[PDB]
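Colleague: Top to bottom, those sequences are chains A and A'. A prime marks a further copy of an entry chain.
According to the authors' numbering, the first sequence is numbered sequentially starting from 1.
According to the authors' numbering, the second sequence is numbered sequentially starting from 1.
Have a look at this one before I ask anything.
Protein chains: 2
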Amino acid sequence: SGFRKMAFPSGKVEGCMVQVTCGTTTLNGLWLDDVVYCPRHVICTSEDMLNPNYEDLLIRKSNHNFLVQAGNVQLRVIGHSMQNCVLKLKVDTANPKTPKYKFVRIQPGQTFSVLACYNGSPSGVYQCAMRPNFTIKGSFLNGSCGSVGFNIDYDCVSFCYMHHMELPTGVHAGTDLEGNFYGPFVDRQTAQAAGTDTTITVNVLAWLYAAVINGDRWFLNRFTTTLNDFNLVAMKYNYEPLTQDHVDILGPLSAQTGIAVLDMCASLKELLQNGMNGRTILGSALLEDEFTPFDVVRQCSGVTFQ
Amino acid sequence: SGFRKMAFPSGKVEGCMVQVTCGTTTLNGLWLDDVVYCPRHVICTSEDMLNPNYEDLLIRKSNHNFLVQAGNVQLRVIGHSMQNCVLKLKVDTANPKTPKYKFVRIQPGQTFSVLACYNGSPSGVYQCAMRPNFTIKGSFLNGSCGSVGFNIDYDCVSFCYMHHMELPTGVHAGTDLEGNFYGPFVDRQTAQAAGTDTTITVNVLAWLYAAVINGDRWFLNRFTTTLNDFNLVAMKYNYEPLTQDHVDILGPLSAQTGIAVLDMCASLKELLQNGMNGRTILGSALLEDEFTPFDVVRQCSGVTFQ
Ligand SMILES: *[C@H](O)[C@H](C[C@@H]1CCNC1=O)NC(=O)[C@H](Cc1ccccc1)NC(=O)OCc1ccccc1
Ligand SMILES: *[C@H](O)[C@H](C[C@@H]1CCNC1=O)NC(=O)[C@H](Cc1ccccc1)NC(=O)OCc1ccccc1
């Protein structure tokens with residue numbers, strides 16, 4: 001038993017991390033087959049950031065201006081192009097460590113593992129959620145740009161996130177691996193509004209089921225509620241609306257625990273209206289929302305990979 | 001910026017995980033050079049658990065009774081022995097993926113990453129602390145035994161923990177890689193007392209420095225205190241005594257932030273006596289104690305490995 005915020009094993013992704021340098025800027029790249037992917041602002045100087053014309057800046061670059069380091073191997077760059085906000089460098093050697101992989105654009109509320117890297121070398125791995133407002137609450141220092149987020153399904157790494165920037169509020173923003181930002185953000189050093197975040201209600205419910213499975217059950221009340229009545233409470237507390245699709249997704253956890261979803265909603269309603277009164281649930285004094293229903297099922301069924 | 005509970009990149013450890021079977025029992029083993037390490041209770045049946053005579057049980061086994069699976073390769077077992085609570089199986093092939101490694105026995109309050117595994121295959125990775133009472137609060141299902149905890153220093157994996165059991169209270173217990181349990185525990189399916197746990201005070205202070213570094217600073221008060229006066233508060237709240245060795249370890253964080261350690265103790269005193277009043281620190285509504293001072297320095301200096 002026990003329940004922890006667990007990241008995927010990172011070895012498959014470690015073997016794909018390279019160092020990309022163009023001018024004075026060095027960041028991380030992702031090396032799959034004979035292509036290296038990285039944020040296009042690798043070509044920006046200091047002045048360039050406030051108002052970059054990426055097309056004009058890229059035209060001043062040729063293949064030999066991009067230095068790509070894989071540990072200590074050089075890839076020769078034999079072509080380059082810009083795809084949205086990512087640069088794709090064609091190299092002369094396919095990564096011998098390329099895992100089975102896919103590029104996916106995840107939905108808000110979904111979770112993934114981040115392999116934080118600096119100068120092309122992995123530093124650490126942690127799990128997090130794409131917020132409803134398309135930011136992530138990560139741990140990214142200078143040089144972490146180009147670090148990736150991912151999920152694993154048996155042998156297949158599904159890359160979904162590449163890190164580009166920290167907003168002036170200190171939250172993090174980035175793209176899918178086709179270079180399209182999540183959210184309204186642009187790769188410009190300007191102040192940018194993330195907008196109101198909300199709590200991922202279906203994830204909180206999944207975590208409450210995780211808690212029941214693991215013996216923590218004081219919050220189970222002797223009430224039930226309806227969808228419309230619960231959702232009335234959700235909007236007051238900035239929780240995202242609960243749909244029947246959400247109810248269906250919680251089904252297996254409902255069947256395992258013998259607790260109807262709407263009964264669990266009534267417990268969450270009373271938690272939201274009356275607080276936790278200094279108690280804890282799975283070791284936290286807050287309602288946790290970065291576990292999907294699949295995260296929970298996977299953790300207490302012990303699904304493995306490689 | 002940002003601060004997250006970060007595990008080490010697990011790739012170096014992934015390549016060492018094997019499946020060990022003896023009779024009906026299958027668990028994880030750790031394959032380094034030509035030796036495989038695993039919990040000795042792999043030789044136990046169901047009845048054996050309550051009162052195992054490990055010496056007598058092991059004598060009924062020969063080399064060919066141990067089935068070792070590395071993905072799909074067999075190691076031939078050419079020798080076996082029991083070292084404290086671990087079994088060491090000599091195999092005919094050295095692991096081609098053996099990292100630079102060491103066996104270390106960690107101190108209570110130190111942290112490490114766990115690579116949770118089932119049937120020899122990695123499932124997930126998370127960070128945690130050896131509690132003062134020599135348990136860990138992990139996530140371990142049936143078949144997770146033999147999963148390891150570890151730290152990395154550049155290229156060297158320092159193995160410090162192998163998982164053996166869940167106590168009836170649901171916390172977790174295990175050994176170093178020489179097979180000596182952390183704590184008073186034995187590998188017997190009996191009820192066993194962990195004893196009173198305490199909060200790792202020096203880790204809480206390191207995390208408060210992490211918070212200041214990352215903009216969270218409401219808790220900084222206009223008080224100071226002394227060691228003896230703070231420690232008086234610590235014992236009332238089951239915090240481990242703060243020593244000058246602890247103060248010295250917090251020095252670099254003191255110098256970075258410009259906050260004397262005893263000034264931070266006075267903030268922690270008022271947090272302990274008056275609660276948090278519904279505020280949060282680095283996203284948590286509780287005082288976090290599973291970050292060492294070195295964890296904090298490493299996270300906000302971006303130290304890398306391999
Ligand atoms: C890239 O490694 C780095 C990662 C930052 C530093 C600390 N935390 C992070 O997530 N980010 C950057 O340097 C980029 C650079 C850039 C260049 C050209 C166009 C857009 C961005 N930007 C960035 O994160 O700046 C921080 C910031 C904070 C507040 C307002 C503006 C910018
Ligand atoms: C090994 O994979 C397994 C891991 C447990 C299961 C769920 N969570 C865990 O950490 N543990 C065991 O099966 C061992 C077996 C054993 C055999 C011989 C001597 C000692 C132990 N024991 C165990 O964890 O049992 C759980 C338990 C709970 C409460 C009281 C006694 C035992």
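Idealized CB from N, CA, C, for every residue including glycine.
Just how far apart, CA to CA, sit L262/A' and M6/A'?
Modeller: Going by the C-alpha atoms only, they are around 28 Å apart.
Colleague: Closer than 7 Å to a non-hydrogen atom of ligand 1 - does that hold for the CB of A191/A?
Modeller: yes
Colleague: Provide the residue span of the beta strand (DSSP E) that contains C38/A', from first to last.
Modeller: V35 to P39
Colleague: Below 8 Å between beta carbons: does that hold for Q127/A' and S147/A'?
Modeller: no
Colleague: I'd like to know whether the C-beta atoms of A206/A' and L253/A' end up nearer to each other than 8 Å.
Modeller: yes
Colleague: When burial is assigned at 16 or more other CB atoms within 10 Å of the CB, is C117/A buried or exposed?
Modeller: buried
Colleague: Name the chain A' residues that come within less than 8 Å of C300/A, Cβ to Cβ?
Modeller: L141
Colleague: Examine ligand 2 and report whether any of its heavy atoms sits within less than 7 Å of the Cβ of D56/A'.
Modeller: no
Colleague: First and last residue of the beta strand (DSSP E) that includes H64/A'?
Modeller: Per DSSP, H64/A' belongs to no beta strand (DSSP E) and is neither H nor E.
Colleague: Say the cut is 7 Å; is the CB of residue 309/A' nearer than that to a heavy atom of ligand 2?
Modeller: Here chain A' covers residues 1 to 306 and nothing more, so residue 309/A' does not appear.
Colleague: With DSSP run on the structure shown, which of helix, strand or coil describes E166/A?
Modeller: strand
Colleague: Under 8 Å between beta-carbons, which chain A' residues line up against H172/A? List them in chain order, please.
Modeller: The contacting residues are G2.
Colleague: Below 8 Å between beta carbons: does that hold for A194/A and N133/A?
Modeller: yes
Colleague: Buried or exposed for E288/A, please, with buried defined as at least 16 other CB atoms from any protein chain shown within 10 angstroms of its CB.
Modeller: buried
Colleague: Just reading off the beta strand (DSSP E) that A116/A' is part of, what are its end residues?
Modeller: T111 to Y118
Colleague: With a cut-off of 8 Å on the beta carbons, I'd call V42/A' and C22/A' a contact; round off their distance for me.
Modeller: About 5 Å separates the beta carbon of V42/A' from that of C22/A', a gap short enough to meet the 8 Å contact definition.
Colleague: Mind checking if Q306/A is an interface residue toward chain A', Cβ cutoff 8 Å exclusive?
Modeller: yes
Colleague: Are there any heavy atoms of ligand 1 lying less than 7 Å away from the beta-carbon of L27/A, as far as the coordinates show?
Modeller: yes
Colleague: Does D289/A come out as helix, strand or coil in the three-state DSSP assignment?
Modeller: coil
Colleague: Starting from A211/A, follow the alpha helix (DSSP H) in both directions and report where the run begins and ends.
Modeller: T201 to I213
Colleague: Within 8 Å (strictly less), CB to CB, does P122/A' reach chain A?
Modeller: yes
Colleague: Counting along the chain, where does the alpha helix (DSSP H) carrying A234/A start and finish?
Modeller: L227 to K236
Colleague: Note down the Cα distance separating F66/A' from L30/A', rounded to an integer number of angstroms.
Modeller: 14 Å
Colleague: Smallest Cα separation from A260/A': which of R4/A', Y239/A', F223/A' and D229/A'?
Modeller: Ranked by how close their Cα comes to the Cα of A260/A', the residues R4/A', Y239/A', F223/A' and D229/A' have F223/A' in first place.
Colleague: Would you kindly check if the distance between the Cβ of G11/A' and the Cβ of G11/A is under 8 Å?
Modeller: yes
Colleague: Can you name, in chain order, every residue of its own chain whose Cβ lies under 6 Å from the Cβ of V202/A, other than the five neighbours on each side?
Modeller: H246
Colleague: Going straight from the alpha carbon of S139/A to that of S1/A', what length do you get?
Modeller: Taking the straight line from one Cα to the other gives about 6 Å.
Colleague: For residue 308/A', collect the residues of the same chain with a Cβ closer than 6 Å to its Cβ; drop the 5 residues on either side in sequence, then sort them by chain order.
Modeller: This structure leaves residue 308/A' out entirely; chain A' is present only between 1 and 306.
Colleague: State the CB to CB distance for the pair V36/A' and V13/A', rounded to an integer number of angstroms; the pair is presumed to be in contact (CB under 8 Å).
Modeller: Rounded to whole angstroms, the Cβ separation of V36/A' and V13/A' is 14 Å, and the two are not in contact under 8 Å.
Colleague: For the alpha helix (DSSP H) containing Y126/A', name the first residue and the last one.
Modeller: Counting along the chain, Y126/A' falls outside any alpha helix (DSSP H), though it belongs to the beta strand (DSSP E) covering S121 to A129.
Colleague: If you check the beta carbons only, do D187/A and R105/A fall under 8 Å apart?
Modeller: no
Colleague: So, under 8 Å CB-CB, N151/A and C145/A are touching, yes? Tell me the CB distance rounded to an integer number of Å.
Modeller: In fact, because the Cβ distance is near 21 Å, the residues do not count as touching under 8 Å.
Colleague: Counting contacts by CB-CB distance shorter than 8 Å, is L115/A' in contact with chain A?
Modeller: yes
Colleague: Note down, in chain order, every chain A' residue with its Cβ under 7 Å from the Cβ of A285/A.
Modeller: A285 and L286
Colleague: Less than 8 Å between the beta carbons of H64/A' and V73/A', yes or no?
Modeller: no
Colleague: Tell me, to the nearest whole angstrom, how far the beta carbon of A266/A is from that of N221/A; I am working on the premise that it is less than 8 Å.
Modeller: 6 Å
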